[PDB]
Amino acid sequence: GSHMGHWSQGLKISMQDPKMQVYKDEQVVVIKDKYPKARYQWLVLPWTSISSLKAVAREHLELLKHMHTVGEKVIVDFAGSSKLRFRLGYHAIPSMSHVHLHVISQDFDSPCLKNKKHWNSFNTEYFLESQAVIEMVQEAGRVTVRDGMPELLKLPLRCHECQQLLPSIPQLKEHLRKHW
């Protein structure tokens, strides 16, 4: 099929769709995640095209910080009275093109969370904190990732709140209810 129509290009289409946009400014857009893995999940994307964190440099440091500030503002404006915790960050190896910041609530209550890969992509070191990425760009000038990131996706299921080991996704989902 075409390059423009390839599945990996889908964020470039969604980020221009008014029905998916929840915030816009001169630098970034925020969209709803199409397949949210928790009750709240947004993606913050720059208007300017940066393929992934592999292409980030110090010229982008202000932009990464702005993406983070905007993510925090979206939490306040859309979920400020929630008692939910949020994390902001980046998958160590993304699938979709165009750099994007995840802003995700920590309930992980969603039918789109279906497998161990989903769980571990948000609940191991595969999920890079936004602040950590920012500080790496500031101090080292680029984002690097160590070997072994795909292997993290195969780790046994473990609750992020209490560290209990769970044997299946259904049993993890039942367990997570206690932390609401």
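So that there is no doubt, residue numbering starts at 1 and follows the sequence shown.
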| property | result |
| --- | --- |
| Comparing 6 to 14 with 19 to 27, the one whose average Cα B-factor in the PDB entry is higher | 19 to 27 |
| Between 76 to 84 and 89 to 97 (mean CA B-factor, as deposited), the higher | 76 to 84 |
| Top Cα B factor in the deposited entry, candidates 136, 145, 70, 63 | 145 |
| Ranked against its chain, the third holding the CA B-factor of residue 130 | lowest |
| Residue 121 CA temperature factor, ranked by third within the chain | lowest |
| Residue 155 CA temperature factor, ranked by third within the chain | highest |
| Third of the chain, ranked by Cα B-factor, where residue 46 sits | lowest |
